[PDB]
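Peer 1:
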Amino acid sequence: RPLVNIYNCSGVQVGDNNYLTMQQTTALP
Amino acid sequence: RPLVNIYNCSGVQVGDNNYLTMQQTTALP
Amino acid sequence: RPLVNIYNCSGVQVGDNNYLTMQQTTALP
Amino acid sequence: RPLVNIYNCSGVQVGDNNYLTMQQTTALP
Amino acid sequence: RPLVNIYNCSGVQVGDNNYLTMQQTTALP
Numbered sequence: 447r448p449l450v451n452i453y454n455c456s457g458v459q460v461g462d463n464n465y466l467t468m469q470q471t472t473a474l475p
Numbered sequence: 447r448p449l450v451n452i453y454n455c456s457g458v459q460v461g462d463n464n465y466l467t468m469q470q471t472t473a474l475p
Numbered sequence: 447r448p449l450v451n452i453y454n455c456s457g458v459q460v461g462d463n464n465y466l467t468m469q470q471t472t473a474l475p
Numbered sequence: 447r448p449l450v451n452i453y454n455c456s457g458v459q460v461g462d463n464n465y466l467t468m469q470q471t472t473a474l475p
Numbered sequence: 447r448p449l450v451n452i453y454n455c456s457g458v459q460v461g462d463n464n465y466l467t468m469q470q471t472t473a474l475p
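If you read the sequences in order, they're chains A, B, C, D and E. According to the UniProt record's numbering, the first sequence is numbered sequentially starting from 447. According to the UniProt record's numbering, the second sequence is numbered sequentially starting from 447. According to the UniProt record's numbering, the third sequence is numbered sequentially starting from 447. According to the UniProt record's numbering, the fourth sequence is numbered sequentially starting from 447. According to the UniProt record's numbering, the fifth sequence is numbered sequentially starting from 447.
#1: I'd like the span of the beta strand (DSSP E) that includes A473(B), first residue to last.
#2: Mark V460(A) as exposed unless 16 or more other C-beta atoms lie within 10 angstroms of its C-beta, in which case mark it buried.
#3: In the DSSP assignment, find the unbroken beta strand (DSSP E) run with residue 550(E) in it and report its ends.
#4: State yes or no: is the C-beta of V460(C) nearer than 7 Å to some heavy atom of the ligand MG?
#5: If you compare alpha carbons, which of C455(B), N451(B), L449(B), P448(B) is closest to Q470(A)?
#6: Give the DSSP bridge partners of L449(D), in chain order.
#7: Cβ of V450(C) less than 8 Å from any chain A Cβ?
#8: Report yes if the CB atom of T467(C) is closer than 8 Å to the CB atom of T472(B), and no otherwise.
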């Protein structure tokens with residue numbers, strides 16, 4: 447089976463039969 | 447089998463049986 | 447098999463059994 | 447086999463059993 | 447085999463078993 451490497455993330459969801467909105471803002475100084 | 451490398455992401459969704467929405471805003475100075 | 451490297455992204459969807467939409471806004475200086 | 451390197455992107459869709467759309471907006475000053 | 451390097455793009459679609467559309471809007475100064 448294939449492997450998925452995840453390093454930085456807000457969270458990991460597997461088997462989501464529902465829904466969840468996600469927002470991310472990236473800004474630099 | 448293929449390998450997937452994810453470094454930076456808002457989140458990782460595997461096995462999405464529903465709709466999923468994501469918003470991302472990038473701003474630079 | 448081919449390898450896919452993802453560095454920066456809003457999110458990664460693997461095994462999408464439904465529709466998925468993403469919005470990305472980039473503000474340049 | 448070919449290799450695909452993705453640095454910056456709105457998102458990456460692998461294994462789309464449905465349809466996926468993305469909106470990208472670039473603003474300039 | 448050819449190599450594909452994507453630095454910046456609207457999105458990346460791999461394994462399109464249906465259709466994919468994207469909207470790109472660029473605001474000019």
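Every residue, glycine too, gets a C-beta built ideally from N, C-alpha and C.
Peer 2: In terms of the structure at hand:
#1: Looking at the DSSP string, the run of the beta strand (DSSP E) that includes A473(B) is 466 to 473.
#2: Looking at its Cβ environment, which holds fewer than 16 other Cβ atoms inside 10 Å, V460(A) is exposed.
#3: For residue 550(E) there is no data in the structure shown, the boundaries of chain E being 447 and 475.
#4: The ligand MG is absent from the structure shown, which contains no ligands of any kind.
#5: For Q470(A), the closest alpha carbon among the candidates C455(B), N451(B), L449(B), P448(B) is that of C455(B).
#6: Bridge partners of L449(D): none, in fact.
#7: Interface residue (Cβ-Cβ distance to chain A less than 8 Å): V450(C) is not classified as such.
#8: Against a cut-off of 8 Å, the Cβ pair of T472(B) and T467(C) comes out as no contact.
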